[PDB]
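In C-alpha cells, the next block holds one chain alone, the form deposited in one PDB entry.
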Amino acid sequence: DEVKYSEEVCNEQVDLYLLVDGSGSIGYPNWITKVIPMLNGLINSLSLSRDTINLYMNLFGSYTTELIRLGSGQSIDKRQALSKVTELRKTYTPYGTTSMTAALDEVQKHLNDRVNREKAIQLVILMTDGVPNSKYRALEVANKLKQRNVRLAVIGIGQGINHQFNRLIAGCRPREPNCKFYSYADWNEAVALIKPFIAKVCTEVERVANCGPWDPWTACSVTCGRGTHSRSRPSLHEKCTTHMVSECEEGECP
C-alpha cells in the first residue's frame, strides 16, 4: 500500500563552500592584483538567494576564519557577500601557514552536524596555491568529502602555484586536456568552470511514498439497512490518503 505522485526536480538548491587561501605564500601583490578581483568576479556570478545558492565562506591561514555562515544575509545576497571581499581587500594581509585541511574539515563539520540543506548540492570551491601545511592530510579530507557526494572545484591563486597538487586534489587525470575541476586563469575561466556545477536543470519524475497499513474498518453507521463506515490511518507522507469511506449493509430493516 503506497502512493505515487508527480513532482519537478531542478536541483536549484546549492550549498557553496568557498574556502580561500589567505596564507603567507599567496603574496601581497598577488592578493591585491589577482585574488581580490578573482573573488569579486566569482561571487558576482553567483545568484545567491534563500531558495537557491547559499554561500559559506572561510579564510584559511595559520587559523581558519569563518567569514560567512550558510543562510545569513551575506550568504543569500550577492551584494552583501561582495562587501566582505571589499572588507578583505582593505583590512587583510595574507600571512602565516596554510590550514587547508582544517578549512575542508569545516565543510565536513557542516555535513556531520546536518547544518547543510539535505536536498542541496554540496559544492566546495577551494581557492589556493596548492601548498598546504600537509599534502597527505589535505588530500585525505578532500577524498572523504568526495565519498560523501560533495563536489570539489579548485581555483589556482597566488604567486607560486603548485599545479601538480591542485590537479591531484581536484581529481584531474593525466594526459587529459582541460580538466573540468581545476582552473588557474582569470575570473572568467573560474566562472565558466563553476557553471556546470550549479546549473538548474528541471525534470519531471514520479515518486513513491509508503502510507502504511490502515486501521480496522469501523462498524456500520446503521445496524440495519444500507449505511456507511470508514477506516483511518496516520499520515506518513503529505500525499498519503488518511481517510476512506465505503458503503455497507447490515441486512434489511424490518
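All residue numbers are counted from 1 along the displayed sequence. Only the largest set of C-alpha atoms that superpose within 1.5 Å between the two forms is called the rigid core.
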property	result
Entry-level comparison of average CA B-factors, 143-151 and 101-109, reporting the higher stretch	143-151
Comparing 162-170 with 74-82, the one whose average Cα B-factor in the PDB entry is higher	162-170
Criterion, highest CA B-factor; candidates, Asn210, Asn58, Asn40, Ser62	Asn210
Residue, from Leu48, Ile198, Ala219, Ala190, that the PDB entry assigns the highest Cα B-factor	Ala219
Chain-wide C-alpha B factor ranking for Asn178, given as lowest, middle or highest third	highest
Ranked against its chain, the third holding the CA B-factor of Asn54	lowest
Chain thirds of CA B-factor: placement of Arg226	highest
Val35, C-alpha B-factor rank within chain (lowest, middle or highest third)	lowest
Cα B factor band for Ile194 (lowest, middle or highest third within the chain)	middle
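The discussion below concerns the form deposited in another entry, not included here.
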{"property": "Which of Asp51, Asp215, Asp186, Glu66 is displaced between the shown form and the other one by 2 angstroms or more at its C-alpha, rigid core aligned", "result": "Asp215"}
{"property": "Shift of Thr228 between the shown form and the other one at or above 2 Å (CA, core fit)", "result": "yes"}
{"property": "Threshold 2 Å Cα movement between the shown form and the other one for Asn11, core superposed", "result": "no"}
